[PDB]
Amino acid sequence: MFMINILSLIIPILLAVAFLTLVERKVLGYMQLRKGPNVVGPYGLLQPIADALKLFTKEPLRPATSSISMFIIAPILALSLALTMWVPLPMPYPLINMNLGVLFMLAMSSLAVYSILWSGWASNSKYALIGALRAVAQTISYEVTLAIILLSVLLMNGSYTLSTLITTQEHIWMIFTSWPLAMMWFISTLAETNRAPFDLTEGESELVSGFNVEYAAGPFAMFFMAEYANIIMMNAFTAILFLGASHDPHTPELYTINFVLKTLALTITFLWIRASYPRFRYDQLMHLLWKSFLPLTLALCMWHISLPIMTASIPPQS
Amino acid sequence: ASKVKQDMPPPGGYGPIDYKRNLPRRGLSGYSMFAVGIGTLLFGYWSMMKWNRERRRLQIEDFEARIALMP
Ligand SMILES: CCCCCCCC/C=C\CCCCCCCC(=O)O[C@H](COC(=O)CCCCCCC/C=C/CCCCCCCC)COP(=O)(O)OCCN
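Quick note, the sequences are listed as chains s and W, same order.
Take the first sequence: its position 147, counting from 1, is numbered 147 in PDB author numbering, and each next residue is one higher.
Take the second sequence: its position 10, counting from 1, is numbered 12 in PDB author numbering, and each next residue is one higher.
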């Protein structure tokens, strides 16, 4: 019966990823004065299925100079971690209830960078190596700031339990208390998901395809699925963190609908951002994260430590 | 005896054609934006202060229930 819950979490996520791609293409098209997929199925609704079927019936290539074990392992790790990050999210009840769910997401997101690193290095090609090193630089840029932002926001929650965030935001959204932290968190989530304007690891215009340039067919499909699942997961995490839906214990699907709508809004905002800005330079991304975000984040961490004591507003939990 | 017919501009001329850059201001002042931001922050701080004090009281009540049940 827990296996059924696992499947009911895994299969819909993959379906949403598949259709996210269609949504992504259509939104970009209409923002570019065109239509996007509207032939393969009514309103392009069968286009993701055709893409999935085409990719998995195409020949997978194993490069001659590549390291076989890491080359095959990296996409498996990417997709498995992308699926695993969903289990502690309360919608409004988590599949897995952790005392420290936030730390769990932090650690697993930190371990998801190795799929790009091992993939790029094991491809044994120059563009893949450049993509992997760009991933190293990206993580060095965003990690500390993201962690300190998370700590500063959760100081008003009282714990690292994700469900408690629903109780914290029963009357007001946390974005009205920490909007300066919310903006930096949103930018850091763009940087963490390798999304425009921070898509340096792929860098199509600069690096052809980046870390996955040598991947074809099914493994490439899994890398794409992992990336889009990460998009949806991170936006759901942001919606839980800063826009708390009201929960009725006898009426939980109201919370589920509200949370899904907020997550879709944030994902559509991601797609909107991709269509509006030029790409950063990765040294410029590091300088942005270390010279602007880091000092403000440190100051706001001090402020959000002092404020609950200042006003006698410390949250309940130990 | 047909007269000459050729693609020509209309008598007089064509209407004027704009070419100068047109980028309006379309914004508020910095003071106003900062004021709205700080006002939102203060309202949020007040609401969370009340909610967290109530939460502390509720936790004390729960702990008292546990204490009464412990023996
Ligand atoms: C009573 C006291 C209480 C506490 C006081 C708090 C007051 C705070 C007042 C200031 C808060 C501002 C927070 C903003 C933090 C970063 C701003 C910043 O300065 O960064 C910019 C740059 O930041 C960016 O512009 C990022 C670019 C990437 C843009 C990507 C998309 C744009 C964002 C879309 C909307 C985001 C919506 C976020 C909320 C979503 C919901 C969570 C610096 O870059 P440069 O211009 O190059 O200057 C440095 C070199 N001279």
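Built from N, CA and C at the ideal position, the CB exists for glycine as well.
Close Cβ partners of residue i (< 7 Å) along its chain, the five nearest in sequence each way excluded
i              : result
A239 (chain s) : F259, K262, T263 and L266
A37 (chain W)  : none
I10 (chain s)  : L83
Proximity winner among the options, relative to residue i (alpha-carbon distances)
i                     : options                           : result
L271 (chain s)        : s:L20, s:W121 and s:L307          : s:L20
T42 (chain W)         : s:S178, s:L133 and s:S109         : s:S178
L165 (chain s)        : s:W121, s:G131, s:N99 and s:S67   : s:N99
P92 (chain s)         : s:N230, s:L117, s:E24 and s:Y255  : s:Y255
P94 (chain s)         : s:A312, s:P252 and s:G29          : s:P252
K126 (chain s)        : s:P48, s:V208 and s:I172          : s:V208
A312 (chain s)        : W:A37, W:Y47, W:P18 and W:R27     : W:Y47
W86 (chain s)         : s:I96, s:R279 and s:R134          : s:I96
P63 (chain s)         : s:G131, s:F186, s:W121 and s:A236 : s:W121
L83 (chain s)         : s:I232, s:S306 and s:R279         : s:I232
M105 (chain s)        : s:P180, s:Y215, s:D51 and s:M234  : s:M234
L155 (chain s)        : s:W303, s:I4 and s:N5             : s:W303
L14 (chain s)         : s:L53, s:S69 and s:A229           : s:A229
residue 407 (chain s) : s:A135, s:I314, s:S69 and s:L162  : The structure shown has nothing for residue 407 (chain s), since chain s only spans 1 to 318.
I309 (chain s)        : s:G44, s:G158 and s:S67           : s:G158
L162 (chain s)        : s:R34, s:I4, s:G101 and s:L181    : s:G101
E227 (chain s)        : s:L22, s:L79 and s:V39            : s:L79
Residue i versus residue j - alpha carbon distance
i              : j              : result
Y160 (chain s) : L103 (chain s) : 7 Å
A107 (chain s) : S152 (chain s) : 18 Å
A70 (chain W)  : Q169 (chain s) : 30 Å
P60 (chain s)  : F242 (chain s) : 42 Å
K26 (chain s)  : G41 (chain s)  : 14 Å
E204 (chain s) : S109 (chain s) : 23 Å
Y277 (chain s) : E206 (chain s) : 16 Å
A275 (chain s) : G29 (chain W)  : 23 Å
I172 (chain s) : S49 (chain W)  : 7 Å
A18 (chain s)  : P48 (chain s)  : 6 Å
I76 (chain s)  : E24 (chain s)  : 24 Å
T189 (chain s) : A67 (chain W)  : 42 Å
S318 (chain s) : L307 (chain s) : 18 Å
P315 (chain s) : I305 (chain s) : 12 Å
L22 (chain s)  : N194 (chain s) : 19 Å
Cβ-based neighbour list, residue i, same chain, cut-off 8 Å, excluding 5 preceding and 5 following
i             : result
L55 (chain s) : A217, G218, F220 and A221
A52 (chain s) : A18 and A221
Cβ-Cβ separation, residue j to residue i (assumed contact under 8 Å), whole Å
i              : j              : result
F198 (chain s) : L285 (chain s) : 6 Å
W185 (chain s) : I149 (chain s) : 5 Å
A191 (chain s) : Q138 (chain s) : 6 Å
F237 (chain s) : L146 (chain s) : About 11 Å separates the two Cβ atoms, so there is no contact after all.
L289 (chain s) : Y142 (chain s) : 6 Å
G36 (chain s)  : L46 (chain s)  : Between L46 (chain s) and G36 (chain s) the Cβ distance is about 14 Å, and since that is not below 8 Å, they are no contact.
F45 (chain W)  : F176 (chain s) : 7 Å
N124 (chain s) : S66 (chain s)  : 5 Å
Spatial neighbours of residue i in its chain, beta-carbon cut-off 6 Å, leaving aside the 5 residues before and after
i              : result
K58 (chain s)  : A217
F211 (chain s) : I116, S119, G120, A128, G131, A132 and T201
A112 (chain s) : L81
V213 (chain s) : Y127 and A128
Contact test: residue i Cβ vs ligand 2 heavy atom, cutoff 7 Å
i              : result
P278 (chain s) : Judged by which ligands are present, ligand 2 is missing from the structure shown, whose ligands are ligand 1.
4-residue-minimum alpha helix (DSSP H) runs that sit fully inside the stretch 57-145 of chain s, ordered along the chain: 68-84, 101-111 and 114-123
In chain order, what are the residue ranges of uninterrupted alpha helix (DSSP H) at least 4 long that sit wholly in the stretch 240-279 of chain s? 252-274
Which ranges would you report for the beta strand (DSSP E) in the stretch 22-61 of chain s if only whole runs of at least 3 residues count? none
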